[PDB]
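Values below: all heavy atoms of this structure, side chains included; hydrogens, waters and symmetry mates excluded. Here is the naming used below: chain letters follow the sequence lines, and residue numbers restart at 1 for every chain.
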Amino acid sequence: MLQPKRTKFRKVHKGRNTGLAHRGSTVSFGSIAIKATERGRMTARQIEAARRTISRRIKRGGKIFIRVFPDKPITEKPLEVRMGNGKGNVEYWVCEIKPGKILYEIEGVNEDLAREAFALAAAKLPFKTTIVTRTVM
Amino acid sequence: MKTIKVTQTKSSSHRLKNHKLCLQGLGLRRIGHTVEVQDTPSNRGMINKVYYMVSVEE
Amino acid sequence: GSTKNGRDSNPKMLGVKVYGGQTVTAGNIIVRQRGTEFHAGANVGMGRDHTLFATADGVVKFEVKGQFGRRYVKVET
Amino acid sequence: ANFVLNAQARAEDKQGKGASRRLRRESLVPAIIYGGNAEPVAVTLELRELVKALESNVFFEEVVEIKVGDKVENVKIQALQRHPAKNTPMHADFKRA
Amino acid sequence: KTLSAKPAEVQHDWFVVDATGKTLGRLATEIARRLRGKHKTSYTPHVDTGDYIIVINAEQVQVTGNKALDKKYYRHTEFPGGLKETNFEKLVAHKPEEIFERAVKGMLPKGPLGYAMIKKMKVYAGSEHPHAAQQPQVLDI
Amino acid sequence: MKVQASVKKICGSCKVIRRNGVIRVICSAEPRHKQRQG
RNA sequence: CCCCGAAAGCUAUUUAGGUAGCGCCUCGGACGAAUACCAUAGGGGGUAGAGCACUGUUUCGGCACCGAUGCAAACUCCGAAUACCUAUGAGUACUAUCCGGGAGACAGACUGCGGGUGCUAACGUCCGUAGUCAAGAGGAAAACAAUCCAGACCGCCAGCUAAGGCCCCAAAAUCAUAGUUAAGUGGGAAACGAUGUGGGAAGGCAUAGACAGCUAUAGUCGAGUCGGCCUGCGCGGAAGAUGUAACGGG
Ligand SMILES: [Zn+2]
């Protein structure tokens with residue numbers, strides 16, 4: 001599970017997820033890529049599982065570029081505990097996802113095999129996705 | 001001086017305070033009441049601020 | 001358990017008191033600031049706590065001047 | 001010669017966020033043409049025709065003629081704004097050639 | 001000055017309607033109108049001013065879609081677990097008068113006046129009726 | 001019969017049909033490929 | 001009988017369901033536009049957004065450094081709309097200010113918006129901001145304080161409208177035009193599966209005979225067909241105990 005090596009603060013506010021991903025929506029490290037189309041959260045375990053699924057089916061014959069990092073800590077209260085007495089304890093890390101954000105790029109693999117790998121990976125994610133290819137403009 | 005007619009077409013019970021004051025400053029006191037007002041930017045400002053509940057005849 | 005946080009200081013009410021275009025008399029405080037966010041110009045005095053005040057009757061004005069880009073506040077008689 | 005895009009004048013009343021959204025609903029893409037010796041010109045192009053041009057690779061490295069009325073403007077594609085999610089074109093810049 | 005109709009002055013007239021090939025609900029609405037008396041200028045809510053209606057060929061009424069197989073009639077005996085169910089085809093085969101009575105009473109007012117009003121509808125399966133002595137007139141509705 | 005939510009064609013001997021509003025997959029040779037959606 | 005008409009906040013308290021000062025109500029007196037709405041003119045900002053130039057963190061390449069790439073309540077090279085202060089002015093409104101007599105109140109609730117906490121749970125809890133109830137009837141939502149329309153001085157067997165509606169229960173179109181749906185969908189429930197149907201922009205193939213079958217790549221057969229994308233409506237996914245009971249009913 002990817003996690004930051006160090007951080008300034010252990011716990012962060014909940015916040016809100018709105019708007020679009022104007023940055024990071026372009027293919028820059030490969031020819032074919034998978035792109036989210038609805039907003040949500042993506043966890044470290046989901047990142048690893050999708051990466052494993054893609055790598056297995058591509059047979060480790062090309063490069064996989066991961067452009068999502070779970071930098072946001074999330075807390076949870078113990079269990080059988082009443083409200084109050086301070087914020088809960090960090091339990092896992094996530095990455096906020098806005099529509100149009102690219103998740104995985106594939107380089108050096110046949111287009112059909114890459115599309116099939118992305119189709120396998122999409123079954124593990126909690127949001128809709130599509131496939132995009134590099135374009136001049 | 002050119003002039004215009006303003007008619008109130010909705011209730012002001014639950015509107016905002018400044019919108020109520022705009023109606024009062026125009027002189028509209030109830031639904032259906034029609035008032036005659038000089039056409040100046042000062043009055044047009046209140047009319048535009050309360051456009052959604054008034055009708056203007058020019 | 002128990003949280004080890006839960007403390008804060010009382011408010012201080014810092015900020016600007018007189019804006020540009022306003023008339024002031026000698027002694028009126030114009031800006032309350034922890035540091036030198038604004039610098040005194042003509043007819044404006046600086047206190048030990050960096051408070052800016054008027055030293056003459058007139059009208060307040062704000063400007064940007066100098067090589068450092070320092071913001072200045074002055075009074076025009 | 002290969003790329004001849006039809007266009008229409010886009011006046012002031014057709015500019016702004018609301019007018020742009022109305023045009024895109026009507027299936028039109030606003031675009032701007034700028035270059036030396038002449039002032040900027042705002043035009044509106046058809047989405048189908050722009051997409052068909054986009055599929056071609058040479059369209060990015062060749063000159064193209066935009067026709068509005070009897071006027072003809074010879075230009076080259078400079079910028080292309082795309083919807084981050086759907087990827088549909090939304091706006092275009094054209095440098096006079 | 002606005003006067004109410006007098007029950008002693010009300011005149012009930014007799015009409016006969018054939019239901020072959022007609023739609024149940026659209027016939028029932030008209031039947032309810034005429035039974036209540038909404039078609040007479042002397043209409044009064046608290047007084048019965050309607051007309052006697054005789055339905056013939058009741059078994060030939062029709063419904064659209066798959067309601068012949070899908071429309072469900074329920075009744076409950078107040079004993080535990082006593083819910084009985086049937087469908088339109090079986091019911092129209094067995095007791096079509098029940099079909100018409102349900103349809104009309106569902107639209108008629110609920111109370112003593114409604115109970116009295118629904119008594120002026122006579123439903124018969126065959127093409128014949130026993131009320132020749134009343135000399136009904138043919139009504140196309 | 002395999003009763004399941006997602007019904008697909010496995011081999012080239014399979015056919016997808018609608019019967020009385022029910023999706024069914026029927027295979028000519030292999031009888032185990034019989035699926036129904038539900 | 002007539003007139004006006006709150007609050008459930010801040011500060012302090014062996015204080016937390018008490019009390020006191022201020023804030024909010026009422027009455028009297030002294031004053032008079034000195035007040036408010038809007039327009040115009042001047043003025044500060046560091047939030048929304050955006051960004052990597054500081055702080056921290058993140059990925060890929062080439063020699064602690066360089067190029068590209070991404071993130072932040074306690075980061076900032078930037079940066080609104082609103083809100084706030086002052087000045088001049090038209091119109092419409094008895095406004096603003098001071099002194100004094102009398103209080104009540106200091107357990108609030110729901111809803112929309114910006115947020116902490118919680119599980120982006122609770123008719124949950126804690127702030128800021130606006131409406132309503134509290135202290136407010138009437139019409140609509142089946143019944144339904146906090147939703148929508150609307151503010152009840154008294155009487156009328158008079159007329160026009162708002163929200164919402166016009167087949168019957170039950171007032172008003174079984175109104176008019178052009179389409180869609182076959183599921184009673186309308187009138188509960190997602191990832192996902194398939195293609196029922198309407199529309200849209202493209203693409204492949206054909207009487208030198210395309211497409212499915214069938215007889216020895218050929219040919220009797222013959223004028224359309226093969227496959228993908230977007231889009232409107234619709235199908236399955238769909239199990240609980242009292243009696244149809246997930247259109248108020250027909
Ligand atoms: Zn099979």
Nucleotides G:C192 and G:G236 paired (Watson-Crick or wobble, under 3.5 Å): yes
A:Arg6 (side chain) and G:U57 (base): donor-acceptor pair under 3.5 Å: no
Ring-base stacking, E:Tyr74 with G:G243 (5.5 Å, 30° cut-offs): no
Paired, G:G91 vs G:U13, Watson-Crick or G-U, distances below 3.5 Å: no
Sugar-phosphate, base or nothing in reach of E:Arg75, heavy atoms under 4.0 Å: nothing
Side-chain N,O (A:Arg23) to OP1/OP2 (G:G70) below 4.0 Å: yes
Side-chain H-bond candidate by donor/acceptor type, A:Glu107 with A:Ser31, under 3.5 Å: yes
is_pair(G:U88, G:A39) Watson-Crick or wobble, both dists under 3.5 angstrom: yes
Donor/acceptor link under 3.5 angstrom from E:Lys105 side chain onto base of G:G250: no
G:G112: pairing nucleotide in any strand, Watson-Crick or G-U under 3.5 angstrom: G:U129
Pair present between G:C235 and G:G193, Watson-Crick or G-U, 3.5 Å cut-off: yes
Donor/acceptor link under 3.5 angstrom from B:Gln38 side chain onto base of G:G91: no
Under-3.5 Å donor-acceptor pair between B:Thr40 side chain and G:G91 base: no
Distance in angstrom units between F:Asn20 CG and G:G196 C1', rounded: 15 Å
Side-chain-base donor-acceptor pair under 3.5 Å for E:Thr29 and G:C168: no
